[PDB]
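**Q** using only what follows, build the 3D model:
(one chain, ligands or ions: 1)
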Amino acid sequence: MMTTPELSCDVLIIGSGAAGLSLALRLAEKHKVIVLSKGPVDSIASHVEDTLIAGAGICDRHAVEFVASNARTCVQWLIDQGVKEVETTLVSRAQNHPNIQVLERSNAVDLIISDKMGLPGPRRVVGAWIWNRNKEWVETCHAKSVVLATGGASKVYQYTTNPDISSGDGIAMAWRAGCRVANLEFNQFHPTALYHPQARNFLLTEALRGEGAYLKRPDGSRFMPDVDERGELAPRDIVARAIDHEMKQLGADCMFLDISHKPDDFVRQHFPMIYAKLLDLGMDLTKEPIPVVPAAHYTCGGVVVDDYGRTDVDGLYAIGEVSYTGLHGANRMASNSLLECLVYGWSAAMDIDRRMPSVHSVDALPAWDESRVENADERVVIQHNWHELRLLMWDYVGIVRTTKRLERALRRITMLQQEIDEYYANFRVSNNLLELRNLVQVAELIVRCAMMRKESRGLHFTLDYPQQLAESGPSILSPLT
Ligand SMILES: N[C@@H](CC(=O)O)C(=O)O
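**A** Residues are numbered from 1 along each chain as shown. Below you will find the coordinate block:
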C-alpha cells in the first residue's frame, strides 16, 4: 500500500501552456517545481466595461476588476521574463531553470488527497499519480501544492482547434477530488477550421471574410445573407451557428470558404501564408472553395477558484483555461485569456509562497493499484467509445442546442459512464483509457450545466429558450450534492 514516492517537489504544475510555464517561473524563484507536460514542451474602466458586455451580463464584476486592475503590471512581468513568441520565451526559460524539472510525455492520473491516507487535519492535496508514457507505469509524486494548468475541454467535441491541450483532464481530476465546476456550457467555437484529412487543425482567419470571402453551401449558394443582413461579416458566434445549421440540416460534411471571385494578386498579397499552406495540401485559394467546419476552441467555464486561484480543495489551485474565475461570464473577450492566466498566476504564487512553510512533507504515499486486467479486444472498444463521445457532443451539446438534444446527450453519457465502470475497472492504465475517462466525465458536467440554463445567453444558444432571463448568474455544479 504505502511507499516512498518516486517523485517529490514543492509545487507540481500539471500542464505546460502559457499559464503553467509562467507560473512555474514565478514559483521556481523560491521552490522546487515539477511541470508535467503531456507532450513535448485603453483604460482600466473601458476594459472592464468591454469585458462585462462581452460576458453578456453574468461576469463576476469583482473578478473583472481584479484582472483589469492588475493586467498591466502582470504583462510587464511577462515581458521582463524575456519576451506565439511568448511560448518560445516561456518554453526556453522553463527548460533552463535550475528549480524546474519538466517531465514530458507524462499524464496525471488523479490527485492524492490527505484524508484517504489517514493524514490528520482538513483534507488537502498531497500529490498525484502520474502515468509515465515511456515507462508505461504509474508513479507517485509527492507535492506540497498542486496547480492545475491543463487547458480547456474542447476535445469533448469531434472538431477542435487545439486537441493536444484540451482533454479536460484538469477539470475531471478536480471534480473527482471534490471541487465545484461552473459555466461549462459556455464553449467558444471557431467558425472556419479547415476540413481536410491533413489539415492538422489549420484555421481560416475571419480576415478572409473581412476581405470579401463568401461562405457557400455544397451546391455553391451563399447562406449567410439568408440569416443575417451582415452576411459573412456577422459576428463569429452567428457565423458558427449558421454553419452548424446548414451542415446538420443538409447532412453535409462541411461548408466552403471561397475568395476566388477576387483577383489572384489581391488574394496572394493579403494572405500569403494561407495561400501557401493550402496549395501544399492541393487547394488553390485563387480558384476553388476551401472546405471548412466549425471547431471547438475555448472553454469559458471550468474549476471554480477564488482570487488566489484556490480550488475548493486545500493545496489545489487552478489557473488559465481550466479555471472558472468569473472573468468571462457567458463569452470570451480576446485578450482576457492571457491576462487571466497572468493575474491569477501571480496571486496563486503569492498564496502558495505564504502557505508553504506550514506544509510538512509526507514520506510515504499510497501506491497505484496493480491494475493488471487486459483484454486486447476490449482495449479496442475504448477507441470506439472515444469517437462516440466526441460525435454525440457535437450533435447534442453543440453549437445549436435544444432540450431534447441535451436529454439524448445525458442518456448516452450516463450509459458510457456505467460501461466504463463495468468493463474497464482495474484495466491497465493507458493514455486512451485516461482520456476516455476524463472526456466522458467532463462531458457529463458540460451537459448538466447546459441543461440548467433555461435561456440563451452568450455562447449558450438553445432553440427552446431564445430570450435572456432578466436575472441570471453562473451555472455551478457541486460533486458533494
Ligand atoms: N492560459 C493560457 C491557456 C492555458 O494554458 O490555460 C491562455 O488562455 O492564454
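**Q** SS state for residue 141?
**A** Judged by DSSP: H, G, I helix; E, B strand; the rest coil, the three-state class of residue 141 is strand.
**Q** distance of the spatially closest residue to it that is not a sequence neighbour from the ligand?
**A** Beyond its immediate neighbours in the sequence, the residue positioned closest to residue 141 (CB to CB, 6 or more residues apart in numbering) is residue 7, lying 3.9 Å away. (Each C-beta comes from the backbone N, C-alpha and C, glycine too.) When distance is defined by CB to the nearest ligand atom, to the nearest Å, residue 7 is 22 Å away from the ligand.
**Q** what's the burial count for residue 7?
**A** Here the number of neighbours of residue 7 (other CB atoms under 10 Å) works out to 19.
**Q** who's in contact with it?
**A** 34, 103, 130, 139-142 (CB atoms under 8 Å, 6 or more residues apart in numbering).
**Q** how much space separates the residue lying farthest from the centre of the chain from the ligand?
**A** Of all residues in the chain, the one whose C-alpha sits farthest from the chain's mean C-alpha position, using CA atoms, centre = their mean, is residue 263 at 39.0 Å. Distance check for residue 263 against the ligand: by CB to the nearest ligand atom, it reads 37 Å.
**Q** relative to residue 211, how far out is that residue?
**A** 12 Å (CB to CB, to the nearest Å).
**Q** ok, back up a step: for the residue nearest to residue 141, what are phi and psi?
**A** Residue 7 adopts backbone torsions of phi -130, psi 150, taken as degrees, to the nearest 10.
**Q** what do you get for residue 28?
**A** Reported as degrees, to the nearest 10, the phi and psi values for residue 28 are phi -70, psi -10.
**Q** neighbours of it, just the number please.
**A** For residue 28, the tally of surrounding residues (other CB under 10 Å) stands at 22.
**Q** now do the phi/psi pair for the nearest residue to it once chain neighbours are set aside.
**A** For residue 28, the nearest residue in space outside its immediate sequence neighbours is residue 99; the separation is 3.9 Å by CB to CB, 6+ apart. When read as degrees, to the nearest 10, the backbone of residue 99 gives phi -100, psi 10.
**Q** residues in contact with residue 99?
**A** For residue 99, the residues meeting the contact criterion (CB under 8 Å, 6+ apart) are 28-33.
**Q** swap in 7 Å and give it another go.
**A** If you count contacts by CB atoms under 7 Å, 6 or more residues apart in numbering, residue 99 has them with 28, 31-33.
**Q** which residue is the nearest non-sequential neighbour of the spatially most central residue of the chain?
**A** Most central in the chain under CA atoms, centre = their mean is residue 152, positioned 0.9 Å from the mean C-alpha point. In space, not counting the residues next to it along the chain, residue 152 is nearest to residue 299; the distance is 3.1 Å by CB to CB, 6+ apart.
**Q** next one: that neighbour from the ligand, what distance?
**A** Summarising the geometry, the distance separating residue 299 from the ligand, computed by CB to the nearest ligand atom, is 9 Å.
**Q** that residue: neighbour count?
**A** Here the neighbour count serves as a burial measure; for residue 299 (other CB under 10 Å) it reads 29.
**Q** tell me the bridge partners for it.
**A** Legend: beta-bridge partners of residue 299 under DSSP bridges are residue 187.
**Q** do I have it right that it meets residue 187?
**A** Yes: with contacts defined as CB atoms under 7 Å, residue 299 counts as touching residue 187 at a distance of 5.9 Å.
**Q** joint contacts of those two?
**A** Common neighbours of residue 299 and residue 187, counting by CB under 7 Å, 6+ apart, are residue 154.
**Q** closest point of the stretch 251-400 of the chain to the ligand, which residue?
**A** Taking CB to the nearest ligand atom as the measure, the stretch 251-400 of the chain has residue 320 as its residue closest to the ligand, at 2.6 Å.
**Q** contact partners for that residue?
**A** 17, 19, 149, 151, 341.
**Q** likewise for residue 447?
**A** For residue 447, the contacting residues are 397, 406, 409-410, 413, by CB under 7 Å, 6+ apart.
**Q** in what helix or strand does it lie?
**A** helix 431-452 (DSSP states H and E).
**Q** and stretch 359-367, how far out from the chain's middle?
**A** 30 Å (CA atoms, centre = their mean, to the nearest Å).
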